[PDB]
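**Student:** Submitted below is the structure of interest, expressed as structure tokens.
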Amino acid sequence: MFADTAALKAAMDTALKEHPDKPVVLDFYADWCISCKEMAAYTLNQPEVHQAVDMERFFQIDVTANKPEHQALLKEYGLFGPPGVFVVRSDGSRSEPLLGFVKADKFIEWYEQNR
Ligand SMILES: [Zn+2]
Ligand SMILES: [Zn+2]
Ligand SMILES: [Zn+2]
Ligand SMILES: [Zn+2]
Ligand SMILES: [Zn+2]
Ligand SMILES: [Zn+2]
Ligand SMILES: [Zn+2]
Ligand SMILES: [Zn+2]
């Protein structure tokens with residue numbers, strides 16, 4: 001969980017460089033994001049979910065402070081603000097976002113579909 005976008009980028013790129021065919025996942029978090037609270041309580045804490053994603057490759061950027069660096073990263077991903085979860089691949093491409101709460105089964109299905 002990061003609040004510094006450049007630090008996040010370094011960590012993500014290291015993971016992608018060390019294992020390029022395995023993507024990472026980026027969640028745009030805020031203290032006020034309702035779907036983030038629901039995901040934490042019912043979905044992203046499930047062991048089946050941890051196995052498909054590799055939670056060592058699950059990243060969160062906390063944009064609550066709405067700093068300029070956060071606005072820029074949102075723009076890079078085509079968002080105005082949370083919620084948003086992306087599969088981010090080593091070639092620079094990204095999936096369509098998850099835009100709200102989903103249950104474990106659907107979450108795994110979305111991840112597997114987006115390689
Ligand atoms: Zn920094
Ligand atoms: Zn900063
Ligand atoms: Zn900085
Ligand atoms: Zn591999
Ligand atoms: Zn906070
Ligand atoms: Zn926060
Ligand atoms: Zn959220
Ligand atoms: Zn979230």
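Residues are named by chain letter and number: chains run A, B, ... in the order of the structure tokens, numbers start at 1 in each chain, and ligands are numbered from 1 in the order shown.
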Give one line per residue of chain A that approaches ligand 2 to at most 8 Å, naming the two atoms of the closest pair and their distance in Å to one decimal, counting only C-alpha atoms and all ligand atoms; sort by chain then ascending residue number and deliver it as CSV.
**Tutor:**
residue,atom,partner,partner_atom_place_in_ligand_line,distance
A:3,CA,ligand 2,1 (Zn),7.1
A:4,CA,ligand 2,1 (Zn),4.8
A:5,CA,ligand 2,1 (Zn),6.8
A:6,CA,ligand 2,1 (Zn),7.8
A:67,CA,ligand 2,1 (Zn),7.2
A:69,CA,ligand 2,1 (Zn),6.4
**Student:** Do you know which residues are at most 12 Å from residue 9 of chain A counting only C-alpha atoms, after dropping those on the same chain fewer than 3 positions away, and could you put them as a PyMOL selection string?
**Tutor:** chain A and resi 1-6+12-17+24+26+59-61+69+73+88+92
**Student:** Can you list, as a VMD selection string, every residue of chain A that DSSP puts in strand (DSSP E or B)?
**Tutor:** chain A and resid 2 24 to 29 58 to 62 85 to 88 94 98
**Student:** Could you check the closest approach to ligand 8 for each of A:102, A:93, A:7, A:84 and tell me which residue wins, using only C-alpha atoms and all ligand atoms?
**Tutor:**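 Ranked by minimum distance to ligand 8, first place goes to A:84.
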**Student:** Restricting the calculation to only C-alpha atoms, which member of A:85, A:54, A:96, A:113 is positioned closest to residue 29 of chain A?
**Tutor:** A:85
**Student:** Looking at A:82, A:107, A:51, A:94, which one is nearest to residue 34 of chain A, with distances taken over only C-alpha atoms?
**Tutor:**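 Of the candidates, the smallest distance to residue 34 of chain A is held by A:82.
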**Student:** Quick one: which chain A residues come within 12 Å of ligand 7, and what is the nearest atom pair for each with the distance in Å to one decimal, counting only C-alpha atoms and all ligand atoms, rows ordered by chain and ascending number, as CSV?
**Tutor:**
residue,atom,partner,partner_atom_place_in_ligand_line,distance
A:26,CA,ligand 7,1 (Zn),10.7
A:27,CA,ligand 7,1 (Zn),6.9
A:28,CA,ligand 7,1 (Zn),6.1
A:29,CA,ligand 7,1 (Zn),4.9
A:30,CA,ligand 7,1 (Zn),6.5
A:31,CA,ligand 7,1 (Zn),8.6
A:32,CA,ligand 7,1 (Zn),8.2
A:33,CA,ligand 7,1 (Zn),4.6
A:34,CA,ligand 7,1 (Zn),6.3
A:35,CA,ligand 7,1 (Zn),4.7
A:36,CA,ligand 7,1 (Zn),3.5
A:37,CA,ligand 7,1 (Zn),7.1
A:38,CA,ligand 7,1 (Zn),8.5
A:39,CA,ligand 7,1 (Zn),7.7
A:40,CA,ligand 7,1 (Zn),9.3
A:44,CA,ligand 7,1 (Zn),11.6
A:60,CA,ligand 7,1 (Zn),9.5
A:61,CA,ligand 7,1 (Zn),10.2
A:62,CA,ligand 7,1 (Zn),9.6
A:63,CA,ligand 7,1 (Zn),10.3
A:64,CA,ligand 7,1 (Zn),10.9
A:81,CA,ligand 7,1 (Zn),9.4
A:82,CA,ligand 7,1 (Zn),5.6
A:83,CA,ligand 7,1 (Zn),4.1
A:84,CA,ligand 7,1 (Zn),6.1
A:85,CA,ligand 7,1 (Zn),7.6
A:86,CA,ligand 7,1 (Zn),11.3
A:97,CA,ligand 7,1 (Zn),11.1
A:98,CA,ligand 7,1 (Zn),9.3
A:99,CA,ligand 7,1 (Zn),7.9
A:100,CA,ligand 7,1 (Zn),7.0
A:101,CA,ligand 7,1 (Zn),8.0
A:102,CA,ligand 7,1 (Zn),11.1
**Student:** At a cut-off of 9 Å and counting only C-alpha atoms and all ligand atoms, what residues surround ligand 4? Please answer as a PyMOL selection string.
**Tutor:** chain A and resi 19-22
**Student:** What does the file look like for those residues with N, CA, C and O atoms, as an mmCIF file, in the first residue's frame?
**Tutor:**
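What follows is the written file result.cif:
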data_model
loop_
_atom_site.group_PDB
_atom_site.id
_atom_site.type_symbol
_atom_site.label_atom_id
_atom_site.label_comp_id
_atom_site.auth_asym_id
_atom_site.auth_seq_id
_atom_site.Cartn_x
_atom_site.Cartn_y
_atom_site.Cartn_z
ATOM 1 N N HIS A 19 9.334 -11.026 -13.671
ATOM 2 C CA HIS A 19 8.465 -12.097 -14.163
ATOM 3 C C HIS A 19 7.478 -11.504 -15.166
ATOM 4 O O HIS A 19 6.298 -11.305 -14.866
ATOM 5 N N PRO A 20 7.939 -11.243 -16.392
ATOM 6 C CA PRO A 20 7.136 -10.422 -17.321
ATOM 7 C C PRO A 20 5.798 -11.027 -17.717
ATOM 8 O O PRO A 20 4.845 -10.271 -17.969
ATOM 9 N N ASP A 21 5.678 -12.351 -17.795
ATOM 10 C CA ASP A 21 4.409 -12.923 -18.237
ATOM 11 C C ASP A 21 3.340 -12.928 -17.159
ATOM 12 O O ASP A 21 2.192 -13.285 -17.450
ATOM 13 N N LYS A 22 3.683 -12.574 -15.925
ATOM 14 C CA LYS A 22 2.712 -12.502 -14.845
ATOM 15 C C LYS A 22 2.382 -11.044 -14.590
ATOM 16 O O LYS A 22 3.287 -10.265 -14.263
#
**Student:** Using only C-alpha atoms and all ligand atoms, can you tell me which of A:110, A:25, A:91, A:72 comes closest to ligand 8?
**Tutor:** A:25
**Student:** How many Å lie between atom 1 (Zn, counted along the ligand's line) of ligand 3 and atom CA of residue 11 of chain A, rounded to one decimal?
**Tutor:**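 Atom 1 (Zn, counted along the ligand's line) of ligand 3 sits 14.3 Å away from atom CA of residue 11 of chain A.
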**Student:** Out of A:10, A:114, A:103, A:90, which residue has the shortest atom-to-atom distance to residue 53 of chain A when counting only C-alpha atoms?
**Tutor:**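 Counting only C-alpha atoms, the residue closest to residue 53 of chain A is A:114.
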**Student:** Identify which of the residues A:70, A:23, A:43, A:50 lies closest to residue 106 of chain A, counting only C-alpha atoms when measuring atom-to-atom distances.
**Tutor:**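 Under the stated criterion, the closest residue is A:43.
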